[PDB]
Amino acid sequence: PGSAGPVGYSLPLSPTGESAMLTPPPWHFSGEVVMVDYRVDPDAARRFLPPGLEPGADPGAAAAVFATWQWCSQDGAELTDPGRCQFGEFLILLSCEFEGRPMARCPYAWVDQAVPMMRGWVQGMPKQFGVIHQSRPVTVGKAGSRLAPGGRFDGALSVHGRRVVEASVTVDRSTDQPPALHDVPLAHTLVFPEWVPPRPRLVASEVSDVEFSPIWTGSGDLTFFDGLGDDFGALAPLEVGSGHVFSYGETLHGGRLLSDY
């Protein structure tokens, strides 16, 4: 009501607010996921947990998650421009707990589009830019795999021209049991660098209307390669477990404060 200067949910500010790079939440997501469960060094994982987050009930449980998404705002406007509403993503997830409640920590994430990257920082998800590839199921022809026993699906991440992660799943059966780390709240750290010479906050992403397709599960394989530094390398798999292929949706509304310390 009072406002004088230019406005907007985000930069760039403009007289009408229409120029802003980001739209206010809620945002809807619909995606396809290729995920591998793995065993991480629990002491290594612990060092990525900020104060307030404790080790998971199974401290060594981790996951590598490839996904391709479509997203839109409440009005659905972005959906008519597929170039604007799609992105690929790779995440690491670590098991943790907040006040006794299972959650996941995402210490590393990459995406291949700028809007999702910046929107990640708004939520505290530490998204960087990368090149991200993922197999898609086919239903006709021979050039791919079906969502059926024996179907194989692969994921790859490169960053700055170097291969960082490769994952594979060969599915053998369908279940109605969502993978644990993809079915708990994510606990992020909101912090942004200080330009004029920071107060981090631990937040949970608030979601609704979480939906999974049937889950196709089988063997998993996962390989980390050099090219992201030793801090990242500490989270490489000790052992690799089951892989999972499924579709996922949710609505993301905003943050809930877990601790402002």
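In case it trips you up, residue 1 is the first one in the sequence shown, and so on.
*Asks:* What about residue 198, is it left unmodelled in a third or more of the other PDB entries we looked at?
*Replies:* Across the compared entries, residue 198 is left out in at least a third.
*Asks:* What number of deposited residues lacks coordinates in the span between residue 197 and residue 198: none, 1 to 3, 4 to 9, or 10 or more?
*Replies:* Gap size class: 4 to 9 residues without coordinates, per the record.
*Asks:* Determine, for stretches 248-256 and 20-28, which one has the higher mean CA B-factor as deposited.
*Replies:* Higher mean C-alpha B-factor: 248-256.
*Asks:* State which stretch shows the higher mean Cα B factor in the entry: 139-147 or 107-115.
*Replies:* The deposited B-factors put 139-147 ahead on the C-alpha mean.
*Asks:* If you compare 120, 88, 161, 100, which has the highest Cα B-factor in the entry?
*Replies:* Of the candidates given, the C-alpha B-factor peaks at 100.
*Asks:* Report the option among 183, 78, 172, 154 whose CA atom has the maximum B-factor in the deposited record.
*Replies:* Reading the PDB entry, the winner on C-alpha B-factor is 172.
*Asks:* Where does the C-alpha B-factor of residue 189 rank in its chain, lowest, middle or highest third?
*Replies:* It belongs to the middle third of the chain when residues are ordered by C-alpha B-factor.
*Asks:* In terms of the CA temperature factor given in the entry, to which third of its chain does residue 70 belong: lowest, middle or highest?
*Replies:* As the PDB entry reports it, the C-alpha B-factor of residue 70 lands in the lowest third of its chain.
*Asks:* Pull the Cα B-factor of residue 222 out of the PDB entry and bin it into the chain's lowest, middle or highest third.
*Replies:* Middle third.
*Asks:* Looking at the C-alpha B-factor of residue 40, is it in the lowest, middle or highest third of its chain?
*Replies:* It belongs to the highest third of the chain when residues are ordered by C-alpha B-factor.
*Asks:* Quick check on the deposited entry: does the C-alpha B-factor of residue 11 sit in the lowest, middle or highest third of its chain?
*Replies:* Lowest third, going by the recorded CA B-factors of the chain.
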